[PDB]
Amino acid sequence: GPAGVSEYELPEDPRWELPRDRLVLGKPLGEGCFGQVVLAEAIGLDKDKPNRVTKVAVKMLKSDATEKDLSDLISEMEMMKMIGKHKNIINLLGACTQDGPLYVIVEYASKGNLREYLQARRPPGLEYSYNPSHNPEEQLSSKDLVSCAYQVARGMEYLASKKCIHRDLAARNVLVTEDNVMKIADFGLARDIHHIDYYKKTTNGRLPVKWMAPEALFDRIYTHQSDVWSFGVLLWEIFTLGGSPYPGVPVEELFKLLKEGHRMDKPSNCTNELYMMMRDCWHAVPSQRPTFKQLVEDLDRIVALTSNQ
């Protein structure tokens, strides 16, 4: 029965391949660029414990995907293998490349992306915009917030040590697990070979130009230093509990303003020290920004000294 055999040579890796009859597909987790992502229960994911079920996220390839799309999803899966596992990244768990459509299985983070996780925990009052959630959750302590930043910085320190550049580090690309662990998504994506549209929103309405370092805006240069710039924007997102960068600023104006030295103002509830860290990440000169190793050390100290009261 050649019915439904792929015309392509999809790479079977015995360490990672899972029979798809071990997956019980559940609710949707949203549209990715390559296709749906769906929650599933995987049976015997760990060969040590074959009778146990694990919740996982299954990245699928849409039926009308192109060959570039297929190649990009394979490239991300292979890059995840080379980068290796870390607590603060979305890890590869397995793949289904035989006997049906391509599935790439990655970790499930039940609380969803960090922007909406923080927005649902906004308290009332003057320091934050309103809470948009119809299921609002308990507010985080100051220490929790700095610990969110620390965990993302630790994940980025790991990725940079593996020579992985993220290129779109933003609160919407951080997921939060049931145990409130921060996990960076999309670090393994292959870079587009075509020029980008600065004015095209993501499927979730975001304008990624607002996280771009000026050398990426102006000259399309991305380094670990430009990821540190983005991390500064992510810091501002954290201390506004999910705010939208550059409020009121039209995107066509952003490079002119940045070039003239405009930077976002300090959020109302943010220490001078954390605002200085944000501003250091936004140094005009890439060589003068802190490294992720340095951000990790400083945030570790700040977490220790920040009240959870």
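The term rigid core refers to the most C-alpha atoms you can superpose between the two forms while keeping them within 1.5 Å. Just count from 1 along the sequence shown to find any residue number.
Student: Do the Cα atoms of 163-171 or of 189-197 sit farther, on average, from the shown structure in 5 other deposited structures of this protein when the rigid core is superposed?
Tutor: Larger mean C-alpha displacement, comparing 163-171 and 189-197 in 5 other deposited structures of this protein, is found in 189-197.
Student: Would you mind working out which of 202-210 and 90-98 sits farther from this form in 5 other deposited structures of this protein by RMS C-alpha distance, with the rigid core as the fit?
Tutor: After superposing on the rigid core, the more displaced stretch in 5 other deposited structures of this protein is 202-210.
Student: Across the other PDB entries of this protein that were compared, is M77 absent from at least a third?
Tutor: Negative; every one of those entries includes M77.
Student: Using a one-third cut-off over the other compared PDB entries, is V106 one of the residues left without coordinates?
Tutor: No; none of the other entries leave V106 out.
Student: For the stretches 61-69 and 249-257, which has the higher mean C-alpha B-factor as given in the deposited record?
Tutor: For C-alpha atoms only, the mean B-factor is higher in 61-69.
Student: Please compare 172-180 with 234-242 and say which has the higher mean C-alpha temperature factor in the record.
Tutor: According to the PDB entry, the answer is 172-180.
Student: Would you mind finding, among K55, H283, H262, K266, the residue with the largest C-alpha temperature factor in the entry?
Tutor: Of the candidates given, the C-alpha B-factor peaks at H262.
Student: Taking the values straight from the PDB record, which of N135, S75, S142, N113 has the highest C-alpha temperature factor?
Tutor: Most elevated C-alpha B-factor of the set, per the entry: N135.
Student: Compared with the other modelled residues in the chain, in which third is the CA B-factor of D13?
Tutor: Within its chain, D13 is a lowest-third residue by C-alpha B-factor, going by the deposited values.
Student: Compared with the other modelled residues in the chain, in which third is the CA B-factor of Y199?
Tutor: As the PDB entry reports it, the C-alpha B-factor of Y199 lands in the highest third of its chain.
Student: For the chain shown, is the CA B-factor of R289 in the lowest, middle or highest third of its modelled residues?
Tutor: Answer is lowest: the recorded C-alpha B-factor places it there.
Student: State the tercile, meaning the lowest, middle or highest third, of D192 with respect to the CA B-factors recorded for its chain.
Tutor: Highest third of the chain for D192's C-alpha B-factor.
Student: C-alpha B factor of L25, ranked within the chain: lowest, middle or highest third?
Tutor: Highest third, going by the recorded CA B-factors of the chain.
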